[PDB]
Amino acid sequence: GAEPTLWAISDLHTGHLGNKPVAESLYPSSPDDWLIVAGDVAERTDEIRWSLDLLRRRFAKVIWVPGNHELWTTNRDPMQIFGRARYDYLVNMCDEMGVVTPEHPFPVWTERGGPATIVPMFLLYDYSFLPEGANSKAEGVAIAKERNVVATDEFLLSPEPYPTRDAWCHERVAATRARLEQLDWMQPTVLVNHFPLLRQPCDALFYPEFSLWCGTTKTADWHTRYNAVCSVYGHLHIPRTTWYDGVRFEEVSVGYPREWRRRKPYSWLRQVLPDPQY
């Protein structure tokens, strides 16, 4: 009576007043629990480090993937680093703390839930989730701008040295797909990515245009192609459990204080493995 569990959570946003207690209430159920943190830990590098240091001292293993907010460079950030350099800095930070990143070898869960390869991914988005009235990236962003639905990324998420964020996204997708092809085709995977791997969850957004900043069409079939037993994501701030083509998708976001105070959730940590039979 003390069997390990693989949990997940995302969108901690510890910099916002009121979400620091949430992060400070994250505890394991056994000394061998793993915790997936699926993006949007914080914006500033020191806040991200504080949160990840707090979590890695409680869980046996922490697997971190970046969200859009970790790649923001604000004026109040002690590290004025941008783009791929900022991502490499965050990866090196996590490595110095012992936190697993998308650049580390894929961890393998060998406890309850079967041998499952946990795949931490950094993919970003490529403006391919076009709104109904759009037929290109520029058209979609223009329609979103005229309706005042623009992501702050456009001004804070630098893609340097890449020219655009979709170029960075396509390179990330190419590399991650190359790594995914090298996996044993008969072993389940746990796909982790801040953004949803397919477009369907974005249909729950209050306004659809924002879907432009919510993923890429190049990963529409990865949950079935690579035999995923569970797909962990966040970003949308719509925490729930759904099923697509037999695969269980877990939106594990916490959100901003005024968002999750309207609800009363049963515990912050979402059980990824073993199957909770929900």
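Residues carry their position along the shown sequence, with the first being 1.
*Asks:* Higher average CA B factor in the deposited record is what I'm after, so tell me if that's 266-274 or 8-16.
*Replies:* Higher of the two, by average CA B-factor, is 266-274.
*Asks:* On average, which has the higher Cα B-factor in the deposited entry, 162-170 or 180-188?
*Replies:* Higher mean C-alpha B-factor in the PDB entry: 180-188.
*Asks:* Going by the CA temperature factor in the entry, name the top one among 139, 154, 103, 96.
*Replies:* Of the options given, 139 has the highest CA B-factor in the PDB entry.
*Asks:* Once the chain's modelled residues are ordered by C-alpha B factor and cut into thirds, is residue 216 in the lowest, middle or highest one?
*Replies:* Answer is middle: the recorded C-alpha B-factor places it there.
*Asks:* Pull the Cα B-factor of residue 196 out of the PDB entry and bin it into the chain's lowest, middle or highest third.
*Replies:* According to the entry, residue 196 has a C-alpha B-factor in the chain's lowest third.
*Asks:* Give the position of residue 91 by CA B-factor within its chain, expressed as the lowest, middle or highest third.
*Replies:* Lowest third.
*Asks:* For residue 43, does the deposited CA B-factor place it in the lowest, middle or highest third of the chain?
*Replies:* Ranked within chain, residue 43 CA B lands in the lowest tercile.
*Asks:* Report the third (lowest, middle or highest) to which the CA temperature factor of residue 204 belongs, ranking only the modelled residues of the same chain.
*Replies:* Middle third of the chain for residue 204's C-alpha B-factor.
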